[PDB]
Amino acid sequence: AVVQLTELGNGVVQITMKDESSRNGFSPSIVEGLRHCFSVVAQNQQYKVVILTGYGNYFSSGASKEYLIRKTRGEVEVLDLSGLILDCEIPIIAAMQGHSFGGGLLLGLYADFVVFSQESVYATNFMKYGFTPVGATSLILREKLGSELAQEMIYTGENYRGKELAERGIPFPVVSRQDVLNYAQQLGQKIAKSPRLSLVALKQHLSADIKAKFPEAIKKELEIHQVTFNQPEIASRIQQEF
């Protein structure tokens, strides 16, 4: 119920994340709804484009600070949602009409096209808490945003408004929040003019370089994360971010 799939016509579908209690964080119901909605897409051979979007002021909050505290005590797994986006056969547009944090930003950046909101806040959060990324952050961020913006965003963990990112020349559209989904929907109908077979073939071809590097990047980042996350001072740093 927190993640709904709706048909927009011409094989364009929308996956909408709405879990207001967690602010579209990676809650159990969000992860279940995403896996369900994307498996529905996988069974359907008529769909051509997916637009992934959130609700209100939120695209995706990623892992909560509560989750991170549970993790310092080894009570919870590392979540890897990359497969859902990466193994989807058809192009995905991430319409990030609201804020995206940590794994929430990665969730959008794994997509084939990304639309930012001008007013919203975007962050690879990890180093805000003093530890290194997971989810092949380095690979995807350097590929999509360029190495210098990626490097600064990764080292600092700091928050960037959509408009600040445009001003530093990211290749993605950065429009007003009320325009984000509409824009994605227009781009979606544009792409969906093509035969589905060509869209599937093209996506596989264009993704091959990143796809080939991904398993190793994921494993390497995790090795480093497990070391840096599990240092004594980390729990207290997380606490100071509440």
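Heads up: residue numbers just count along the shown sequence, starting at 1.
Stretches 222-230 and 11-19 differ in mean CA B factor, with 11-19 having the higher one. With 169-177 and 194-202 compared on mean CA B-factor from the PDB entry, the stretch scoring higher is 169-177. Across the residues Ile69, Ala217, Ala42, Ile51, the deposited record lists the maximum Cα B factor for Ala42. Split the chain's modelled residues into thirds by C-alpha temperature factor. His36 is in the highest one. When the modelled residues of the chain are ordered by their C-alpha B factor, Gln186 lands in the highest third. Sort the chain's modelled residues by C-alpha temperature factor and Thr137 lands in the lowest third, per the entry. When the modelled residues of the chain are ordered by their C-alpha B factor, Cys88 lands in the middle third. Ranked against the other modelled residues of its chain, the C-alpha B-factor of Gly62 as given in the entry falls in the lowest third.
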